[PDB]
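Peer 1: There's a structure below that I have some questions on.
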There are 2 protein chains.
Amino acid sequence: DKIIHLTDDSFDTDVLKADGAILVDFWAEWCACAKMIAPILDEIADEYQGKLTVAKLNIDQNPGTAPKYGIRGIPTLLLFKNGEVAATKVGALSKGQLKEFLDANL
Amino acid sequence: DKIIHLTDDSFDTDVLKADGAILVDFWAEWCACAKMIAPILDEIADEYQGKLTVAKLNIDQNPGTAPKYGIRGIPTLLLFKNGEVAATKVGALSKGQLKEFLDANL
């Protein structure tokens, strides 16, 4: 219960105008690989508590944000630092790859 | 090389009329899965020649087929036998799970 659920409208304030690091997961029910990293994320939010905020945005109920970052495929992870994007990963990945990605930017 | 790429029209000929077992992977670039999952299916087409034919159907270039089998999530694997669905599995499975999946149905 540490993962934040974003909406197209709260994206400004929960992410863009928030100080600190936020990992944003762009997903949807119809993409199995997008849902297969959710378990992994639950673990990541716990282990990076205090140094990172994990957020999820279902693109089906919030279709306005993805195009704004030219996202063409899911899942896509957006590591935001103080409001601006720092790094991106496209495609499903193991917990280890995700951890590696975070460690190379936090 | 050994993987048959279908179209909504070659589907009847290449799958519904075939006497043996046909595995169809329903996919699209929209749902990007781990890089390692791509070559897995190619190795399987190899290992299982003699009893199986592997085929892929991009649902974005061929949006006609998926709905006739109630596919809502991708990627999806449809194992066809003599023209009739025998078993399915939703997601991007590892080489090991694919073998387990196939050996339990072939």
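The way I read the labels, and the way they are meant: chains A, B, ... in the order of the structure tokens, residue 1 as the first residue of every chain, and ligand 1 as the first ligand shown, with later ones counted on from there.
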Output as a PyMOL selection string all residues of chain B that backbone DSSP marks as strand (DSSP E or B).

Peer 2: chain B and resi 4-5+21-27+31+52-58+74+76-81+84-90

Peer 1: Take the residues from that selection and put them in a file with N, CA, C and O atoms, as a short mmCIF file (atom, residue, chain, number, x, y, z; two decimals), in the first residue's frame.

Peer 2:
```
data_model
loop_
_atom_site.label_atom_id
_atom_site.label_comp_id
_atom_site.auth_asym_id
_atom_site.auth_seq_id
_atom_site.Cartn_x
_atom_site.Cartn_y
_atom_site.Cartn_z
N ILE B 4 6.28 -19.57 -38.80
CA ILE B 4 5.35 -19.09 -39.81
C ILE B 4 4.61 -17.84 -39.36
O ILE B 4 3.96 -17.86 -38.32
N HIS B 5 4.70 -16.77 -40.15
CA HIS B 5 3.99 -15.53 -39.83
C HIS B 5 2.67 -15.52 -40.60
O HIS B 5 2.64 -15.52 -41.83
N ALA B 21 -0.56 -30.37 -34.81
CA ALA B 21 -0.56 -29.39 -33.75
C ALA B 21 0.09 -28.10 -34.25
O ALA B 21 1.12 -28.13 -34.91
N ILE B 22 -0.55 -26.98 -33.95
CA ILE B 22 -0.05 -25.66 -34.34
C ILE B 22 -0.11 -24.73 -33.13
O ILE B 22 -1.15 -24.60 -32.49
N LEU B 23 1.00 -24.08 -32.83
CA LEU B 23 1.03 -23.14 -31.71
C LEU B 23 1.03 -21.75 -32.33
O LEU B 23 1.88 -21.43 -33.17
N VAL B 24 0.07 -20.92 -31.93
CA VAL B 24 -0.01 -19.57 -32.46
C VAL B 24 0.25 -18.56 -31.35
O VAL B 24 -0.43 -18.57 -30.32
N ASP B 25 1.24 -17.71 -31.53
CA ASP B 25 1.52 -16.68 -30.53
C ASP B 25 0.90 -15.37 -31.01
O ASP B 25 1.33 -14.81 -32.02
N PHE B 26 -0.13 -14.90 -30.31
CA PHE B 26 -0.79 -13.64 -30.67
C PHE B 26 -0.03 -12.51 -30.02
O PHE B 26 0.04 -12.44 -28.79
N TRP B 27 0.53 -11.62 -30.84
CA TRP B 27 1.34 -10.53 -30.33
C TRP B 27 1.20 -9.20 -31.06
O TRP B 27 0.60 -9.11 -32.12
N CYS B 31 2.49 -4.19 -26.63
CA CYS B 31 2.83 -4.88 -25.40
C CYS B 31 4.24 -5.45 -25.54
O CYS B 31 4.45 -6.54 -26.06
N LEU B 52 5.29 -30.33 -34.17
CA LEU B 52 4.70 -28.99 -33.99
C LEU B 52 5.17 -27.94 -34.99
O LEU B 52 6.31 -27.98 -35.48
N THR B 53 4.28 -26.99 -35.27
CA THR B 53 4.57 -25.88 -36.17
C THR B 53 4.29 -24.61 -35.37
O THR B 53 3.19 -24.45 -34.84
N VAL B 54 5.28 -23.72 -35.27
CA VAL B 54 5.11 -22.47 -34.53
C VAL B 54 4.73 -21.33 -35.48
O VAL B 54 5.32 -21.18 -36.55
N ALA B 55 3.74 -20.53 -35.09
CA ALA B 55 3.30 -19.40 -35.91
C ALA B 55 3.05 -18.17 -35.05
O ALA B 55 2.71 -18.29 -33.87
N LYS B 56 3.23 -16.99 -35.64
CA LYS B 56 3.00 -15.74 -34.92
C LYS B 56 1.99 -14.91 -35.69
O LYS B 56 1.95 -14.91 -36.93
N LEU B 57 1.14 -14.20 -34.96
CA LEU B 57 0.14 -13.36 -35.59
C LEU B 57 0.14 -11.99 -34.93
O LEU B 57 -0.27 -11.84 -33.78
N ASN B 58 0.63 -10.99 -35.64
CA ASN B 58 0.65 -9.63 -35.12
C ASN B 58 -0.80 -9.14 -35.18
O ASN B 58 -1.36 -8.95 -36.27
N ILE B 74 -2.62 -9.88 -24.21
CA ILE B 74 -1.50 -10.34 -25.02
C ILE B 74 -0.19 -10.11 -24.29
O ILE B 74 -0.10 -9.23 -23.43
N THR B 76 -0.65 -13.87 -26.13
CA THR B 76 -1.40 -15.08 -25.83
C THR B 76 -0.95 -16.25 -26.71
O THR B 76 -0.68 -16.07 -27.90
N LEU B 77 -0.87 -17.44 -26.12
CA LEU B 77 -0.48 -18.62 -26.87
C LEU B 77 -1.66 -19.57 -27.03
O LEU B 77 -2.24 -20.03 -26.05
N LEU B 78 -2.01 -19.85 -28.29
CA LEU B 78 -3.11 -20.75 -28.60
C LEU B 78 -2.56 -22.03 -29.21
O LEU B 78 -1.98 -22.01 -30.29
N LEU B 79 -2.72 -23.14 -28.51
CA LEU B 79 -2.26 -24.41 -29.05
C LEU B 79 -3.43 -25.04 -29.79
O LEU B 79 -4.43 -25.41 -29.18
N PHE B 80 -3.28 -25.15 -31.10
CA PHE B 80 -4.30 -25.74 -31.96
C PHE B 80 -3.97 -27.21 -32.27
O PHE B 80 -2.81 -27.58 -32.48
N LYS B 81 -5.00 -28.04 -32.30
CA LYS B 81 -4.83 -29.46 -32.60
C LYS B 81 -5.87 -29.89 -33.64
O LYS B 81 -7.06 -29.92 -33.34
N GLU B 84 -8.70 -27.38 -34.01
CA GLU B 84 -9.48 -26.97 -32.85
C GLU B 84 -8.60 -26.64 -31.65
O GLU B 84 -7.66 -27.37 -31.34
N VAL B 85 -8.91 -25.53 -30.97
CA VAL B 85 -8.15 -25.11 -29.80
C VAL B 85 -8.12 -26.23 -28.75
O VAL B 85 -9.16 -26.82 -28.42
N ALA B 86 -6.93 -26.52 -28.24
CA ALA B 86 -6.76 -27.56 -27.23
C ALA B 86 -6.37 -26.97 -25.89
O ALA B 86 -6.75 -27.48 -24.84
N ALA B 87 -5.61 -25.88 -25.93
CA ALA B 87 -5.16 -25.23 -24.70
C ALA B 87 -4.57 -23.86 -24.99
O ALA B 87 -4.05 -23.61 -26.08
N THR B 88 -4.64 -22.98 -24.00
CA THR B 88 -4.11 -21.63 -24.14
C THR B 88 -3.38 -21.21 -22.87
O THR B 88 -3.54 -21.81 -21.81
N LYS B 89 -2.58 -20.16 -23.01
CA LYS B 89 -1.81 -19.62 -21.91
C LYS B 89 -1.56 -18.15 -22.22
O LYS B 89 -1.06 -17.81 -23.30
N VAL B 90 -1.91 -17.28 -21.28
CA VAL B 90 -1.73 -15.84 -21.44
C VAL B 90 -0.46 -15.37 -20.74
O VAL B 90 -0.24 -15.66 -19.57
#
```

Peer 1: For chain A fitted to chain B over all Cα atoms in order, what RMSD does a least-squares superposition give?

Peer 2: 1.2 Å

Peer 1: With a cut-off of 8 Å, could you pull out the residues of chain A touching chain B and give me the nearest pair of atoms for each, distance in Å to one decimal, using only C-alpha atoms, ordered by chain and ascending number, as JSON lines?

Peer 2:
```
{"residue": "A:29", "atom": "CA", "partner": "B:73", "partner_atom": "CA", "distance": 7.2}
{"residue": "A:30", "atom": "CA", "partner": "B:73", "partner_atom": "CA", "distance": 4.2}
{"residue": "A:31", "atom": "CA", "partner": "B:74", "partner_atom": "CA", "distance": 5.3}
{"residue": "A:32", "atom": "CA", "partner": "B:91", "partner_atom": "CA", "distance": 5.0}
{"residue": "A:33", "atom": "CA", "partner": "B:33", "partner_atom": "CA", "distance": 5.6}
{"residue": "A:34", "atom": "CA", "partner": "B:31", "partner_atom": "CA", "distance": 7.3}
{"residue": "A:72", "atom": "CA", "partner": "B:30", "partner_atom": "CA", "distance": 6.5}
{"residue": "A:73", "atom": "CA", "partner": "B:30", "partner_atom": "CA", "distance": 4.4}
{"residue": "A:74", "atom": "CA", "partner": "B:31", "partner_atom": "CA", "distance": 5.1}
{"residue": "A:75", "atom": "CA", "partner": "B:32", "partner_atom": "CA", "distance": 6.7}
{"residue": "A:90", "atom": "CA", "partner": "B:32", "partner_atom": "CA", "distance": 7.0}
{"residue": "A:91", "atom": "CA", "partner": "B:32", "partner_atom": "CA", "distance": 4.6}
{"residue": "A:92", "atom": "CA", "partner": "B:33", "partner_atom": "CA", "distance": 4.9}
{"residue": "A:93", "atom": "CA", "partner": "B:34", "partner_atom": "CA", "distance": 5.9}
```

Peer 1: Restricting it to N, CA and C atoms, dump the selection as an mmCIF file, in the first residue's frame.

Peer 2:
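As a result, out.cif now contains:
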```cif
data_model
loop_
_atom_site.group_PDB
_atom_site.id
_atom_site.type_symbol
_atom_site.label_atom_id
_atom_site.label_comp_id
_atom_site.auth_asym_id
_atom_site.auth_seq_id
_atom_site.Cartn_x
_atom_site.Cartn_y
_atom_site.Cartn_z
ATOM 1 N N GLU A 29 -4.560 -3.624 -18.189
ATOM 2 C CA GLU A 29 -4.969 -5.020 -18.044
ATOM 3 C C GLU A 29 -4.659 -5.891 -19.264
ATOM 4 N N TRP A 30 -4.942 -5.373 -20.454
ATOM 5 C CA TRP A 30 -4.732 -6.148 -21.666
ATOM 6 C C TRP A 30 -3.307 -6.562 -22.001
ATOM 7 N N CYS A 31 -2.317 -5.996 -21.321
ATOM 8 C CA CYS A 31 -0.935 -6.380 -21.595
ATOM 9 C C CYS A 31 -0.372 -7.218 -20.447
ATOM 10 N N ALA A 32 -0.267 -8.521 -20.694
ATOM 11 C CA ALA A 32 0.228 -9.482 -19.720
ATOM 12 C C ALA A 32 1.598 -9.129 -19.174
ATOM 13 N N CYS A 33 2.501 -8.723 -20.053
ATOM 14 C CA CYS A 33 3.843 -8.368 -19.618
ATOM 15 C C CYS A 33 3.831 -7.117 -18.748
ATOM 16 N N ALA A 34 2.829 -6.263 -18.937
ATOM 17 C CA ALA A 34 2.700 -5.037 -18.149
ATOM 18 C C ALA A 34 2.235 -5.394 -16.745
ATOM 19 N N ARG A 72 4.998 4.574 -26.674
ATOM 20 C CA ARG A 72 4.353 3.794 -27.716
ATOM 21 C C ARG A 72 4.070 2.349 -27.307
ATOM 22 N N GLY A 73 4.740 1.878 -26.262
ATOM 23 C CA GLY A 73 4.533 0.512 -25.808
ATOM 24 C C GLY A 73 4.551 0.361 -24.295
ATOM 25 N N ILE A 74 3.875 -0.657 -23.791
ATOM 26 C CA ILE A 74 3.864 -0.871 -22.353
ATOM 27 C C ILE A 74 4.341 -2.287 -22.012
ATOM 28 N N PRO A 75 4.829 -2.495 -20.783
ATOM 29 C CA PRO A 75 4.911 -1.421 -19.795
ATOM 30 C C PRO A 75 6.120 -0.542 -20.052
ATOM 31 N N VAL A 90 11.623 0.313 -21.299
ATOM 32 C CA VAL A 90 10.435 -0.164 -21.992
ATOM 33 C C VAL A 90 10.470 -1.698 -22.072
ATOM 34 N N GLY A 91 9.380 -2.334 -21.665
ATOM 35 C CA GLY A 91 9.311 -3.783 -21.696
ATOM 36 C C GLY A 91 9.344 -4.387 -20.301
ATOM 37 N N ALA A 92 8.852 -5.614 -20.166
ATOM 38 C CA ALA A 92 8.871 -6.289 -18.874
ATOM 39 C C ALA A 92 10.329 -6.560 -18.496
ATOM 40 N N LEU A 93 10.598 -6.630 -17.199
ATOM 41 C CA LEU A 93 11.956 -6.891 -16.719
ATOM 42 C C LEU A 93 11.888 -7.512 -15.325
#
```

Peer 1: Excluding residue 83 in chain B and its own-chain neighbours fewer than 5 positions away, which residues fall within 8 Å of it when counting only C-alpha atoms? Please give them as a list in words.

Peer 2: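 In the requested form, the answer reads residues 15, 16, 17, 18, 19 and 20 of chain B.
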
Peer 1: Return as a VMD selection string the full set of residues in range 24-101 of chain B whose backbone-based DSSP assignment is helix (DSSP H, G or I).

Peer 2: chain B and resid 37 to 47 66 to 69 95 to 101

Peer 1: Please dump the current selection as an mmCIF file, in the first residue's frame; keep N, CA, C and O atoms.

Peer 2:
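As a result, again_36.cif now contains:
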```cif
data_model
loop_
_atom_site.group_PDB
_atom_site.id
_atom_site.type_symbol
_atom_site.label_atom_id
_atom_site.label_comp_id
_atom_site.auth_asym_id
_atom_site.auth_seq_id
_atom_site.Cartn_x
_atom_site.Cartn_y
_atom_site.Cartn_z
ATOM 1 N N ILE B 37 12.510 -13.204 -24.398
ATOM 2 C CA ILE B 37 11.336 -13.995 -24.773
ATOM 3 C C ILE B 37 11.181 -14.207 -26.282
ATOM 4 O O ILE B 37 10.554 -15.176 -26.718
ATOM 5 N N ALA B 38 11.754 -13.303 -27.072
ATOM 6 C CA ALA B 38 11.665 -13.380 -28.529
ATOM 7 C C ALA B 38 12.330 -14.621 -29.138
ATOM 8 O O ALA B 38 11.694 -15.371 -29.884
ATOM 9 N N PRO B 39 13.618 -14.857 -28.825
ATOM 10 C CA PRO B 39 14.344 -16.015 -29.360
ATOM 11 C C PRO B 39 13.899 -17.361 -28.786
ATOM 12 O O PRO B 39 14.162 -18.402 -29.371
ATOM 13 N N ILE B 40 13.232 -17.331 -27.638
ATOM 14 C CA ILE B 40 12.758 -18.554 -27.006
ATOM 15 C C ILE B 40 11.864 -19.340 -27.951
ATOM 16 O O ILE B 40 12.061 -20.540 -28.145
ATOM 17 N N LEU B 41 10.880 -18.658 -28.529
ATOM 18 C CA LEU B 41 9.946 -19.294 -29.445
ATOM 19 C C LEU B 41 10.639 -19.866 -30.676
ATOM 20 O O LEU B 41 10.199 -20.878 -31.225
ATOM 21 N N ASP B 42 11.715 -19.222 -31.117
ATOM 22 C CA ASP B 42 12.445 -19.714 -32.282
ATOM 23 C C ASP B 42 13.115 -21.056 -31.949
ATOM 24 O O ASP B 42 13.102 -21.987 -32.757
ATOM 25 N N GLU B 43 13.691 -21.155 -30.755
ATOM 26 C CA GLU B 43 14.349 -22.394 -30.328
ATOM 27 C C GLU B 43 13.334 -23.534 -30.243
ATOM 28 O O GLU B 43 13.652 -24.684 -30.553
ATOM 29 N N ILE B 44 12.110 -23.198 -29.838
ATOM 30 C CA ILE B 44 11.043 -24.178 -29.703
ATOM 31 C C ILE B 44 10.613 -24.674 -31.086
ATOM 32 O O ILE B 44 10.424 -25.870 -31.291
ATOM 33 N N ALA B 45 10.473 -23.767 -32.042
ATOM 34 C CA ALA B 45 10.091 -24.177 -33.387
ATOM 35 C C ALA B 45 11.072 -25.245 -33.842
ATOM 36 O O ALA B 45 10.713 -26.171 -34.568
ATOM 37 N N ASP B 46 12.317 -25.108 -33.402
ATOM 38 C CA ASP B 46 13.356 -26.057 -33.759
ATOM 39 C C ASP B 46 13.206 -27.383 -33.029
ATOM 40 O O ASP B 46 13.065 -28.430 -33.648
ATOM 41 N N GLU B 47 13.222 -27.326 -31.703
ATOM 42 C CA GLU B 47 13.115 -28.524 -30.884
ATOM 43 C C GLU B 47 11.884 -29.367 -31.169
ATOM 44 O O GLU B 47 11.952 -30.603 -31.109
ATOM 45 N N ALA B 66 -7.853 -12.435 -33.528
ATOM 46 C CA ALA B 66 -7.938 -12.489 -32.069
ATOM 47 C C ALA B 66 -9.354 -12.542 -31.468
ATOM 48 O O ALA B 66 -9.661 -13.443 -30.679
ATOM 49 N N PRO B 67 -10.235 -11.588 -31.833
ATOM 50 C CA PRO B 67 -11.600 -11.579 -31.289
ATOM 51 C C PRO B 67 -12.424 -12.862 -31.483
ATOM 52 O O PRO B 67 -13.304 -13.159 -30.667
ATOM 53 N N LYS B 68 -12.160 -13.619 -32.544
ATOM 54 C CA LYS B 68 -12.924 -14.843 -32.765
ATOM 55 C C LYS B 68 -12.565 -15.924 -31.743
ATOM 56 O O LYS B 68 -13.232 -16.957 -31.666
ATOM 57 N N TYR B 69 -11.497 -15.704 -30.979
ATOM 58 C CA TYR B 69 -11.117 -16.657 -29.940
ATOM 59 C C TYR B 69 -11.130 -15.998 -28.565
ATOM 60 O O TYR B 69 -10.516 -16.499 -27.629
ATOM 61 N N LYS B 95 11.421 -20.330 -21.507
ATOM 62 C CA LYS B 95 11.606 -21.551 -22.266
ATOM 63 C C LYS B 95 11.104 -22.756 -21.479
ATOM 64 O O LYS B 95 10.472 -23.656 -22.036
ATOM 65 N N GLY B 96 11.371 -22.755 -20.179
ATOM 66 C CA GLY B 96 10.969 -23.864 -19.339
ATOM 67 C C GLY B 96 9.478 -24.073 -19.231
ATOM 68 O O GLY B 96 9.005 -25.203 -19.300
ATOM 69 N N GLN B 97 8.734 -22.985 -19.059
ATOM 70 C CA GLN B 97 7.285 -23.060 -18.929
ATOM 71 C C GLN B 97 6.644 -23.424 -20.256
ATOM 72 O O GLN B 97 5.592 -24.057 -20.302
ATOM 73 N N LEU B 98 7.291 -23.018 -21.341
ATOM 74 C CA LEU B 98 6.789 -23.303 -22.674
ATOM 75 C C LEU B 98 6.890 -24.808 -22.919
ATOM 76 O O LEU B 98 5.970 -25.416 -23.468
ATOM 77 N N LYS B 99 8.009 -25.405 -22.508
ATOM 78 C CA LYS B 99 8.199 -26.843 -22.672
ATOM 79 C C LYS B 99 7.196 -27.586 -21.808
ATOM 80 O O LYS B 99 6.599 -28.569 -22.243
ATOM 81 N N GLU B 100 7.013 -27.117 -20.578
ATOM 82 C CA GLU B 100 6.063 -27.745 -19.670
ATOM 83 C C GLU B 100 4.671 -27.647 -20.281
ATOM 84 O O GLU B 100 3.891 -28.603 -20.255
ATOM 85 N N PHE B 101 4.363 -26.473 -20.816
ATOM 86 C CA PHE B 101 3.074 -26.253 -21.446
ATOM 87 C C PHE B 101 2.864 -27.235 -22.592
ATOM 88 O O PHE B 101 1.833 -27.915 -22.645
#
```
